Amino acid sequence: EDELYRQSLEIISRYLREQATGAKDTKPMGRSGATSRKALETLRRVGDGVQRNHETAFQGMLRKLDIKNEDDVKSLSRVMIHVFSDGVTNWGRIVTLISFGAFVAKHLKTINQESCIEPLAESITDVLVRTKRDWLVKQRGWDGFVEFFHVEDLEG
């Protein structure tokens, strides 16, 4: 059993679907639900900011990718490997990978290709986990992600 993969897929899939549909999935998480819940809540906060802070660049890359159908969505794995995997690994770049994923998912909703969203989530998860497992494990996986982005309450 690959717990890191399963957890990654659940978090990434949920975020992409919630971003596309604008509705929260009410179903419980699987194993390690408390961490997966906090991870999804962290992506909500941080992912939305990345999409807005890099709006122009996001729009430019989307137009360059020219995503119309299932076969274009399939071709994105190669591009993710090219851009994400072949560079420095840090939580910021992982958030961009997943946030751009959400950006693509919303686009797939707009062109009425919602069925490609879960395959896309699987592709993103494959790239993240299968190319960066060592780093992810060393950084404490999703617990580490949550701890990295944790914000202390302000006084007063």
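Position 1 is the first residue in the sequence shown; the rest follow in order. For clarity, a rigid core is taken as the largest C-alpha set superposing within 1.5 Å between two forms.
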After a rigid core fit, does 61 to 69 or 122 to 130 show more C-alpha displacement in 6 other deposited structures of this protein? 61 to 69
Could you say which moves further from this form in 6 other deposited structures of this protein, stretch 9 to 17 or stretch 132 to 140, by root mean square CA distance after aligning on the core? 132 to 140
116 to 124 or 26 to 34, whichever carries the higher mean Cα B-factor: 26 to 34
Going by the entry, of stretches 147 to 155 and 2 to 10 the one with greater average Cα B-factor is 147 to 155
Maximum C-alpha temperature factor, selected from 44, 93, 130, 106: 44
Record-listed C-alpha B factor of residue 65: chain third: highest
Residue 74 - Cα temperature factor, lowest/middle/highest third of chain: highest
Residue 102 - which third its CA temperature factor falls in, relative to the rest of the chain: lowest
Mind checking which third residue 110 falls in for C-alpha B-factor across the chain? highest
